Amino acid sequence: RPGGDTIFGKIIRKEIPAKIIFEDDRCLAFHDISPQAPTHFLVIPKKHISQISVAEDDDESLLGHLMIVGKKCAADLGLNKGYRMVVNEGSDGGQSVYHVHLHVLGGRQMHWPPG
């Protein structure tokens, strides 16, 4: 079982269902089950990195790929007026699952501060 046994690892291996938007060899984008905006999805690496704080230097291009895929998916979903991308780290950051994930939120005005 590669991809870990967090719920996101199970999603990567298709053991638990999800609403997939995009998939490649490095990542998976799927809709969030508790959406906080009209569109709210997640981009995750297939490689299990538990949190951004423990990312390796050579995870740079993979983390960049999360953002590129996020922005492509936002465009393909028609988020023409923009969006917010969020990574949560740890307890103060509100991280809910210990597998790195980029939130992408749009279809409404996002406010400041970002929580």
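A residue's number is simply how far along the shown sequence it sits, counting from 1.
Stretches 12-20 and 99-107 differ in mean CA B factor, with 12-20 having the higher one.
Higher mean CA temperature factor, per the PDB entry, when comparing 79-87 with 55-63: 55-63. Per-chain ranking of the deposited C-alpha B factor places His48 in the highest third. The entry lists a Cα temperature factor for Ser34 that places it in the highest third of the chain's modelled residues.
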